[PDB]
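Student: Supplied in structure tokens, the structure appears directly below.
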Amino acid sequence: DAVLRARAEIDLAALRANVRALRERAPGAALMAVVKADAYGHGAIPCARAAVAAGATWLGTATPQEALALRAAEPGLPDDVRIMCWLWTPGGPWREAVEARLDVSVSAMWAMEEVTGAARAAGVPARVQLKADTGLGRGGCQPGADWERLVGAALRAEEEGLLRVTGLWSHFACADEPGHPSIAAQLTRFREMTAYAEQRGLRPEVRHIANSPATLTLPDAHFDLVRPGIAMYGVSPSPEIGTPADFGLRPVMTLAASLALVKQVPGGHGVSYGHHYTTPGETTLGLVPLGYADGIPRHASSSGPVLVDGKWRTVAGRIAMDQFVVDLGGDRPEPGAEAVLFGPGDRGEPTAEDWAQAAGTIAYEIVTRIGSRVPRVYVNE
Amino acid sequence: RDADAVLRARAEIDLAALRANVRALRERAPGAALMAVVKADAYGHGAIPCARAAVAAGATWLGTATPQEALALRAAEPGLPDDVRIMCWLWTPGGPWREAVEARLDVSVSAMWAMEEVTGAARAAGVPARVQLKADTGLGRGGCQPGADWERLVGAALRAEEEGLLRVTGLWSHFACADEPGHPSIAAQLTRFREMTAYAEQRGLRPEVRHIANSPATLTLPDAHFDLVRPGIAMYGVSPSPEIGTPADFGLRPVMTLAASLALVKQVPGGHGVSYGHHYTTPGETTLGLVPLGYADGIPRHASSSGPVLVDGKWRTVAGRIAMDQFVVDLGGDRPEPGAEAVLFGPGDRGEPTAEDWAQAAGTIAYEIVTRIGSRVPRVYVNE
Ligand SMILES: *Cc1c(COP(=O)(O)O)cnc(C)c1O
Ligand SMILES: *Cc1c(COP(=O)(O)O)cnc(C)c1O
Ligand SMILES: [Cl-]
Ligand SMILES: [Cl-]
């Protein structure tokens, strides 16, 4: 019913194909299926099921709310599966997390005190992962005095039987630019900081630093576990890394819509807000009923590609809240016709990366921000 | 329980400001009814709550894009007044035209396929349709072109009225350049709206309302008001354009405040990079604040290195790239406690940035800033 306007087709078979492709590239490691941000706009639970089915033994989320929803899923995901969440703030539901058997990242002393406190109240121990700041400079614990202290506080919490440090981990800043100096720097600092913590008595199940581009291009970086997010959704972290086809990967999301309106307009007739496109001669206009409220970026005004009626069209002028227009040369498809904004590539459609370029951003943002008003349709469940 | 997800971040929706705005707007358009446009989840502010507030303060029409949005308004519990008019315009073939006619929605029709589908549905349902013909005055998006197409649509509508299947309750259009005051096209569209409406009345159509006015029109063009105004963005207290003015210039107060709690405050040496691609490196020794919102939450990635955030009493600006769930600010050397409030935007009166300030940092319009705040950011409603 709502699918008639537009839809995001989520091909869960492609997803499973990707997870397998990725388990091949990282043969000596477990794979985490990162399903944060509603599985990058693809649907958290469905994608998480598919990714376990195909060999993911860890799930990854940002917020603890996301991770708890995975654990509350009906039907249940395997209870034996590990679920990690990293984005915590003071007063967060640390108790509910320890009870639900989540792996929780800790990168700072306030969090260590809060998680330890919660393990006491709950009675059962915590699974904690220390985040090390290797150079990224976002979240993460800085080396030297802060790391010393956190490693130590973790060691005491292990003594007292309140938690076991199940991992040591970090994140790359520039892995998507292959052979950039910082990659090697962060990597040897990850080895120093991990070595230090093991040398002082911590015994983790897993070390991990690898995001998608790392996983694809740096076998040194794999360690016990990989976190290829975007690559699991079949999209390349960077055109410098390669196409999805280069790594045996197939895009999972196809974004399509039905033409609301096909109409003939004379020449010198403006199109959309600010009249930033006026028709060159007499022509036809197609109304695609998706706009920036649906996550069609407004930066892709005048540039965004759409396959309509067998040819690539491009957005004519500005993108509105709910709609945009394409110039159809003089072609006259029936209203209701399919307008495919992006997909895998094999039916002549543009890809998510093509929209990333039109909008001056990364493909990550294109898929993740597809609006909740666009219903998701799941195929090959 | 849900008082747990607010700790990371929240969008505070001040429904009293919204009611203040709907009144300010009814004042600017004294000879007209006001439609509260609550499309796109009330521009990211929450459709139903805002719709209630807007009715409370004098809106006698509600406006949506999709028929799904409008049907949800009609299904609201507790109910909105049954006497209130709800219009929806963004239709595609095979859409739920029957459910719309039954639910007593005003439906836009701008094309012959739709006229046939809506008429067909009125037959099946047995009760007549309320239809609004959309006229293409110059915008060139979804209306009916003048001349041969308008002639035909007006005529098909007239026949449908004869047969008792629908009554054309409105004739309407939309401005392309009203946000740029005195642009030539405004006057052009407006006189073509008068020609096309005159034509349809002259041929026997008798509408309840003519309307063309969006927010900027409503604020700057009393000629444009006609029977009804559709000020969307202005109702949420944000100015359609800095060229039109500030919200304060029109007695309007922004409804959404977007705030978050610092996840991390930490000291880093100089020459230490920040975020993806190392597009900010620290000038000397300094402090970094982690704000736990990213582009998945609708913090535009175009506002990398530029986005303003009030933290600890001073405006900070985004340090380098915005990630999926987080960004960093350079805090000089200040050391606020983690859990401290980071206000990204609001009304302006506590020293915060506004939605327009983010629009500029990201190279876009404020409309996009508020509308695309993610569903993973819980909304908190105050003064309901
Ligand atoms: C976002 C994220 C990932 C996956 O993202 P890619 O860049 O697609 O690999 C992995 N790990 C962490 C900690 C993240 O925050
Ligand atoms: C978007 C929209 C509006 C509101 O425009 P503002 O500039 O936000 O006031 C009004 N009417 C229709 C038909 C719309 O699509
Ligand atoms: Cl980090
Ligand atoms: Cl139009």
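Identifiers for the structure tokens are assigned positionally: chains receive A, B, ... in sequence, residues are indexed from 1 per chain, and ligands are indexed from 1 in the order shown.
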Provide as a list in words the residues of chain B at most 6 Å from chain A, counting only C-alpha atoms.
Tutor: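 Written out as asked, the residues are residues 92, 93, 139, 140, 141, 176, 177, 263, 274, 275, 276, 277, 296, 339, 371 and 372 of chain B.
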Student: Take the residues just selected and output them with N, CA and C atoms as a JSON list (two decimals), in the first residue's frame.
Tutor:
[["chain", "number", "residue", "atom", "x", "y", "z"],
["B", 92, "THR", "N", 0.02, 8.45, -5.89],
["B", 92, "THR", "CA", 0.47, 7.66, -7.02],
["B", 92, "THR", "C", -0.64, 6.65, -7.39],
["B", 93, "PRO", "N", -0.63, 6.15, -8.63],
["B", 93, "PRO", "CA", -1.57, 5.11, -9.04],
["B", 93, "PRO", "C", -1.75, 3.97, -8.05],
["B", 139, "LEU", "N", 5.57, 26.70, -11.05],
["B", 139, "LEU", "CA", 6.47, 25.87, -10.25],
["B", 139, "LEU", "C", 7.04, 24.72, -11.07],
["B", 140, "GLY", "N", 6.16, 24.05, -11.81],
["B", 140, "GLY", "CA", 6.56, 23.01, -12.74],
["B", 140, "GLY", "C", 6.85, 21.70, -12.07],
["B", 141, "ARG", "N", 6.36, 21.53, -10.84],
["B", 141, "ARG", "CA", 6.50, 20.26, -10.15],
["B", 141, "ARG", "C", 5.17, 19.52, -10.36],
["B", 176, "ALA", "N", 7.09, 29.02, -6.33],
["B", 176, "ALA", "CA", 8.46, 28.56, -6.58],
["B", 176, "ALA", "C", 9.52, 29.43, -5.93],
["B", 177, "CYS", "N", 9.29, 30.75, -5.88],
["B", 177, "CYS", "CA", 10.34, 31.68, -5.45],
["B", 177, "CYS", "C", 9.86, 32.73, -4.42],
["B", 263, "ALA", "N", 29.58, 12.58, 26.07],
["B", 263, "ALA", "CA", 30.04, 11.23, 26.41],
["B", 263, "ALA", "C", 31.46, 11.23, 26.99],
["B", 274, "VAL", "N", 42.02, 14.52, 14.67],
["B", 274, "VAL", "CA", 40.64, 14.36, 15.15],
["B", 274, "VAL", "C", 39.71, 13.89, 14.01],
["B", 275, "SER", "N", 39.09, 12.73, 14.25],
["B", 275, "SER", "CA", 38.05, 12.16, 13.40],
["B", 275, "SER", "C", 38.58, 11.68, 12.04],
["B", 276, "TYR", "N", 37.68, 11.14, 11.21],
["B", 276, "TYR", "CA", 38.04, 10.49, 9.93],
["B", 276, "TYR", "C", 38.80, 11.43, 8.98],
["B", 277, "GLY", "N", 39.83, 10.89, 8.32],
["B", 277, "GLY", "CA", 40.70, 11.64, 7.41],
["B", 277, "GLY", "C", 41.67, 12.63, 8.05],
["B", 296, "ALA", "N", 23.79, 9.64, 11.20],
["B", 296, "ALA", "CA", 22.65, 8.76, 11.40],
["B", 296, "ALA", "C", 21.57, 9.40, 12.22],
["B", 339, "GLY", "N", 28.58, 14.14, 30.82],
["B", 339, "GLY", "CA", 27.16, 14.31, 31.14],
["B", 339, "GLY", "C", 26.66, 15.75, 30.92],
["B", 371, "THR", "N", 13.79, 18.69, 9.70],
["B", 371, "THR", "CA", 13.01, 17.59, 9.11],
["B", 371, "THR", "C", 13.71, 16.25, 9.15],
["B", 372, "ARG", "N", 15.02, 16.29, 9.01],
["B", 372, "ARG", "CA", 15.83, 15.09, 8.95],
["B", 372, "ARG", "C", 16.54, 14.72, 10.25]]
Student: Show me a table, sorted first by chain and then by increasing residue number, of the residues of chain B having an atom at most 10 Å from ligand 4, each with its shortest atom pair and the distance in Å to one decimal, counting only C-alpha atoms and all ligand atoms and written as CSV.
Tutor:
residue,atom,partner,partner_atom_place_in_ligand_line,distance
B:110,CA,ligand 4,1 (Cl),8.8
B:134,CA,ligand 4,1 (Cl),7.3
B:135,CA,ligand 4,1 (Cl),6.4
B:136,CA,ligand 4,1 (Cl),4.1
B:137,CA,ligand 4,1 (Cl),6.3
B:138,CA,ligand 4,1 (Cl),6.6
B:139,CA,ligand 4,1 (Cl),4.6
B:140,CA,ligand 4,1 (Cl),4.7
B:141,CA,ligand 4,1 (Cl),4.3
B:142,CA,ligand 4,1 (Cl),4.4
B:143,CA,ligand 4,1 (Cl),3.9
B:144,CA,ligand 4,1 (Cl),7.0
B:145,CA,ligand 4,1 (Cl),8.2
B:172,CA,ligand 4,1 (Cl),9.4
B:173,CA,ligand 4,1 (Cl),6.3
B:174,CA,ligand 4,1 (Cl),6.0
B:175,CA,ligand 4,1 (Cl),7.9
B:176,CA,ligand 4,1 (Cl),8.3
Student: Could you jot down the CA of residue 308 (chain B) to CA of residue 360 (chain B) separation for me, Å, one decimal place?
Tutor: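 According to the coordinates, CA of residue 308 (chain B) and CA of residue 360 (chain B) are separated by 10.0 Å.
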Student: So which residues touch region 207-209 of chain A within 6 Å, counting only C-alpha atoms, skipping near sequence neighbours fewer than 2 positions away, as a list in words?
Tutor: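 What passes the distance filter is residues 167, 168, 169, 170, 171, 223, 224 and 225 of chain A.
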Student: Neighbours of ligand 1 within 7 Å, counting only C-alpha atoms and all ligand atoms, as a ChimeraX atom specification?
Tutor: /A:34,62,171,211-213,227-231,237 /B:324
Student: Using only C-alpha atoms, please write the residues we just selected to a file, as an mmCIF file, in the first residue's frame.
Tutor:
data_model
loop_
_atom_site.group_PDB
_atom_site.id
_atom_site.type_symbol
_atom_site.label_atom_id
_atom_site.label_comp_id
_atom_site.auth_asym_id
_atom_site.auth_seq_id
_atom_site.Cartn_x
_atom_site.Cartn_y
_atom_site.Cartn_z
ATOM 1 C CA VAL A 34 27.662 -4.046 12.660
ATOM 2 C CA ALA A 62 26.390 2.056 19.021
ATOM 3 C CA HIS A 171 39.296 2.217 15.265
ATOM 4 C CA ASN A 211 36.586 -1.545 9.970
ATOM 5 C CA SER A 212 35.508 -2.310 6.353
ATOM 6 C CA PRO A 213 38.474 -0.779 4.414
ATOM 7 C CA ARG A 227 33.943 -5.170 12.081
ATOM 8 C CA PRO A 228 33.135 -4.622 8.418
ATOM 9 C CA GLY A 229 30.007 -2.492 8.441
ATOM 10 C CA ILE A 230 29.461 -0.823 5.125
ATOM 11 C CA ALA A 231 31.011 -3.716 3.196
ATOM 12 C CA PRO A 237 34.071 2.252 1.857
ATOM 13 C CA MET B 324 27.751 8.065 12.012
#
Student: A:122, A:374, A:69, A:249: which is nearest residue 94 (chain A), counting only C-alpha atoms?
Tutor: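 Residue with the minimum atom-to-atom distance to residue 94 (chain A): A:122.
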Student: Just checking: using only C-alpha atoms and all ligand atoms, which residue out of A:189, A:127, A:101, A:156 ends up closest to ligand 3?
Tutor: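 So, comparing all the options, the nearest one is A:189.
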Student: Once you count only C-alpha atoms and all ligand atoms, which residues end up within 10 Å of ligand 2, and could you hand them over as a ChimeraX atom specification?
Tutor: /A:320-323 /B:35-40,43,63-65,87-90,108,134,142,172-176,178-179,211-219,229-236,238-241,367
Student: I want to know what sits within 12 Å of residue 239 (chain A), based on only C-alpha atoms, with residues of the same chain fewer than 2 positions away left out; could you give that as a list in words?
Tutor: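 My list of contacting residues is residues 176, 177, 178, 213, 235, 236, 237, 241, 242, 243, 244, 245, 246, 352, 353, 354, 356, 357, 362 and 363 of chain A.
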Student: Pick the closest to ligand 3 from B:8, B:266, B:130, B:28: which is it, counting only C-alpha atoms and all ligand atoms?
Tutor: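 Checking each of B:8, B:266, B:130, B:28 against ligand 3, counting only C-alpha atoms and all ligand atoms, the winner is B:266.
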Student: List every residue of region 118-349 of chain A that DSSP, applied to the backbone, labels as helix (DSSP H, G or I), and write the result as a ChimeraX atom specification.
Tutor: /A:118-122,145-159,181-199,212-217,219-221,230-233,245-247,273-275,292-294,298-300
Student: Considering only C-alpha atoms and all ligand atoms, state which residue in the set B:168, B:323, B:124, B:154 is at the smallest distance from ligand 3.
Tutor: B:323
Student: Could you tell me which of A:129, A:134, A:217, A:116 comes closest to ligand 3 if we count only C-alpha atoms and all ligand atoms?
Tutor: A:134
Student: Which residues in region 68-117 of chain B does DSSP call strand (DSSP E)? List them as JSON, numbers by chain.
Tutor: {"B": [85, 86, 87, 88, 106, 107, 108, 109]}
Student: Produce a file of the selected residues containing N, CA, C and O atoms, as a short mmCIF file (atom, residue, chain, number, x, y, z; two decimals), in the first residue's frame.
Tutor:
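File produced: result_21.cif:
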data_model
loop_
_atom_site.label_atom_id
_atom_site.label_comp_id
_atom_site.auth_asym_id
_atom_site.auth_seq_id
_atom_site.Cartn_x
_atom_site.Cartn_y
_atom_site.Cartn_z
N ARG B 85 -10.71 19.61 8.83
CA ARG B 85 -10.42 19.22 7.46
C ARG B 85 -8.97 18.81 7.35
O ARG B 85 -8.08 19.50 7.85
N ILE B 86 -8.74 17.70 6.67
CA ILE B 86 -7.41 17.12 6.50
C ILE B 86 -7.17 16.91 5.00
O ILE B 86 -7.88 16.15 4.36
N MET B 87 -6.14 17.55 4.47
CA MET B 87 -5.81 17.45 3.07
C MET B 87 -4.52 16.70 2.83
O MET B 87 -3.56 16.85 3.59
N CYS B 88 -4.50 15.90 1.76
CA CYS B 88 -3.29 15.16 1.32
C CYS B 88 -3.14 15.22 -0.19
O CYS B 88 -4.13 15.07 -0.89
N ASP B 106 -9.71 15.59 2.23
CA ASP B 106 -9.62 16.38 1.01
C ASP B 106 -8.42 15.87 0.25
O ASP B 106 -7.33 15.77 0.83
N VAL B 107 -8.61 15.51 -1.02
CA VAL B 107 -7.52 14.95 -1.83
C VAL B 107 -7.20 15.86 -3.00
O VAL B 107 -8.10 16.32 -3.70
N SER B 108 -5.92 16.14 -3.20
CA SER B 108 -5.50 16.86 -4.37
C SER B 108 -5.53 15.94 -5.58
O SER B 108 -5.23 14.75 -5.49
N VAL B 109 -5.90 16.51 -6.71
CA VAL B 109 -5.91 15.86 -8.00
C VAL B 109 -5.30 16.89 -8.92
O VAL B 109 -5.73 18.05 -8.93
#
Student: Find the residues near residue 160 (chain B): any atom within 12 Å, counting only C-alpha atoms, skip ones fewer than 5 places away on the same chain, and give them as a PyMOL selection string.
Tutor: chain B and resi 115-123+128-131+153-155+165-168+205
Student: So which one's closest to residue 18 (chain B), B:311, B:291, B:6, B:50? Using only C-alpha atoms, please.
Tutor: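 Looking only at the distances to residue 18 (chain B), the closest residue turns out to be B:50.
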Student: Near residue 20 (chain A), within 12 Å and counting only C-alpha atoms, which residues show up once chain neighbours fewer than 5 positions away are dropped, as a list in words?
Tutor: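 Residues near the query, excluding close chain neighbours: residues 13, 14, 15, 25, 26, 27, 30, 31, 32, 33, 50, 51, 52, 53, 54, 55, 56, 228, 231, 232, 234, 247, 248, 249 and 250 of chain A.
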Student: Could you save the residues just selected, with N, CA and C atoms, as a PDB file, in the first residue's frame?
Tutor:
ATOM      1  N   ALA A  13      19.674 -11.953   0.827  1.00  0.00           N
ATOM      2  CA  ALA A  13      20.578 -12.896   0.193  1.00  0.00           C
ATOM      3  C   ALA A  13      21.884 -12.242  -0.207  1.00  0.00           C
ATOM      4  N   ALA A  14      21.834 -10.997  -0.679  1.00  0.00           N
ATOM      5  CA  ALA A  14      23.063 -10.275  -1.001  1.00  0.00           C
ATOM      6  C   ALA A  14      23.873 -10.039   0.259  1.00  0.00           C
ATOM      7  N   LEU A  15      23.167  -9.712   1.341  1.00  0.00           N
ATOM      8  CA  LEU A  15      23.815  -9.494   2.608  1.00  0.00           C
ATOM      9  C   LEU A  15      24.602 -10.725   3.062  1.00  0.00           C
ATOM     10  N   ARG A  25      37.850 -13.057   3.229  1.00  0.00           N
ATOM     11  CA  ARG A  25      38.953 -12.086   3.248  1.00  0.00           C
ATOM     12  C   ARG A  25      39.649 -12.055   4.605  1.00  0.00           C
ATOM     13  N   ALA A  26      38.931 -12.390   5.673  1.00  0.00           N
ATOM     14  CA  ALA A  26      39.504 -12.438   7.016  1.00  0.00           C
ATOM     15  C   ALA A  26      39.380 -13.842   7.606  1.00  0.00           C
ATOM     16  N   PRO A  27      40.198 -14.769   7.090  1.00  0.00           N
ATOM     17  CA  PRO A  27      39.946 -16.179   7.356  1.00  0.00           C
ATOM     18  C   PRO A  27      40.344 -16.538   8.763  1.00  0.00           C
ATOM     19  N   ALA A  30      37.018 -13.945  13.609  1.00  0.00           N
ATOM     20  CA  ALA A  30      35.570 -13.896  13.688  1.00  0.00           C
ATOM     21  C   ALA A  30      35.115 -12.624  13.015  1.00  0.00           C
ATOM     22  N   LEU A  31      33.850 -12.605  12.645  1.00  0.00           N
ATOM     23  CA  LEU A  31      33.265 -11.449  12.009  1.00  0.00           C
ATOM     24  C   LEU A  31      32.113 -10.912  12.868  1.00  0.00           C
ATOM     25  N   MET A  32      32.159  -9.595  13.106  1.00  0.00           N
ATOM     26  CA  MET A  32      31.062  -8.825  13.721  1.00  0.00           C
ATOM     27  C   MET A  32      30.215  -8.157  12.662  1.00  0.00           C
ATOM     28  N   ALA A  33      28.908  -8.394  12.751  1.00  0.00           N
ATOM     29  CA  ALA A  33      27.949  -7.734  11.878  1.00  0.00           C
ATOM     30  C   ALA A  33      27.513  -6.486  12.595  1.00  0.00           C
ATOM     31  N   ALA A  50      20.178 -12.459   9.270  1.00  0.00           N
ATOM     32  CA  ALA A  50      20.850 -12.886   8.069  1.00  0.00           C
ATOM     33  C   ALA A  50      22.345 -13.004   8.315  1.00  0.00           C
ATOM     34  N   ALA A  51      22.929 -12.032   9.004  1.00  0.00           N
ATOM     35  CA  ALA A  51      24.367 -12.046   9.216  1.00  0.00           C
ATOM     36  C   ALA A  51      24.832 -13.206  10.139  1.00  0.00           C
ATOM     37  N   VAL A  52      24.057 -13.529  11.195  1.00  0.00           N
ATOM     38  CA  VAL A  52      24.337 -14.752  12.011  1.00  0.00           C
ATOM     39  C   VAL A  52      24.199 -16.001  11.160  1.00  0.00           C
ATOM     40  N   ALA A  53      23.088 -16.108  10.439  1.00  0.00           N
ATOM     41  CA  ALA A  53      22.870 -17.248   9.538  1.00  0.00           C
ATOM     42  C   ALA A  53      24.100 -17.527   8.685  1.00  0.00           C
ATOM     43  N   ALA A  54      24.706 -16.475   8.138  1.00  0.00           N
ATOM     44  CA  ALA A  54      25.859 -16.612   7.262  1.00  0.00           C
ATOM     45  C   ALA A  54      27.262 -16.591   7.939  1.00  0.00           C
ATOM     46  N   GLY A  55      27.334 -16.709   9.273  1.00  0.00           N
ATOM     47  CA  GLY A  55      28.617 -16.872   9.975  1.00  0.00           C
ATOM     48  C   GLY A  55      29.123 -15.757  10.888  1.00  0.00           C
ATOM     49  N   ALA A  56      28.391 -14.652  10.989  1.00  0.00           N
ATOM     50  CA  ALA A  56      28.729 -13.643  11.971  1.00  0.00           C
ATOM     51  C   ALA A  56      28.493 -14.263  13.338  1.00  0.00           C
ATOM     52  N   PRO A 228      33.379  -5.264   9.685  1.00  0.00           N
ATOM     53  CA  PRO A 228      33.135  -4.622   8.418  1.00  0.00           C
ATOM     54  C   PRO A 228      31.653  -4.257   8.317  1.00  0.00           C
ATOM     55  N   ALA A 231      30.735  -2.654   4.137  1.00  0.00           N
ATOM     56  CA  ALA A 231      31.011  -3.716   3.196  1.00  0.00           C
ATOM     57  C   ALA A 231      29.980  -4.834   3.276  1.00  0.00           C
ATOM     58  N   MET A 232      29.498  -5.112   4.489  1.00  0.00           N
ATOM     59  CA  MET A 232      28.392  -6.067   4.678  1.00  0.00           C
ATOM     60  C   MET A 232      27.102  -5.641   3.954  1.00  0.00           C
ATOM     61  N   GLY A 234      27.134  -4.319   1.182  1.00  0.00           N
ATOM     62  CA  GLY A 234      27.570  -4.370  -0.197  1.00  0.00           C
ATOM     63  C   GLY A 234      28.081  -3.090  -0.811  1.00  0.00           C
ATOM     64  N   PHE A 247      35.607  -6.812  -4.583  1.00  0.00           N
ATOM     65  CA  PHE A 247      35.726  -7.645  -3.384  1.00  0.00           C
ATOM     66  C   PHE A 247      34.607  -8.694  -3.229  1.00  0.00           C
ATOM     67  N   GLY A 248      33.911  -8.994  -4.325  1.00  0.00           N
ATOM     68  CA  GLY A 248      32.871 -10.030  -4.325  1.00  0.00           C
ATOM     69  C   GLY A 248      31.642  -9.650  -3.543  1.00  0.00           C
ATOM     70  N   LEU A 249      31.311  -8.350  -3.588  1.00  0.00           N
ATOM     71  CA  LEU A 249      30.257  -7.745  -2.776  1.00  0.00           C
ATOM     72  C   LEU A 249      29.161  -7.142  -3.641  1.00  0.00           C
ATOM     73  N   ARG A 250      27.915  -7.205  -3.142  1.00  0.00           N
ATOM     74  CA  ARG A 250      26.725  -6.805  -3.877  1.00  0.00           C
ATOM     75  C   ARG A 250      25.874  -5.883  -3.015  1.00  0.00           C
TER      76      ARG A 250
END
Student: For residue 313 (chain B), list every protein, DNA or RNA residue within 10 Å, evaluated using only C-alpha atoms, and leave out those in the same chain fewer than 5 positions away; present the list as a list in words.
Tutor: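 Residues near the query, excluding close chain neighbours: residues 341, 342, 350, 351 and 352 of chain B.
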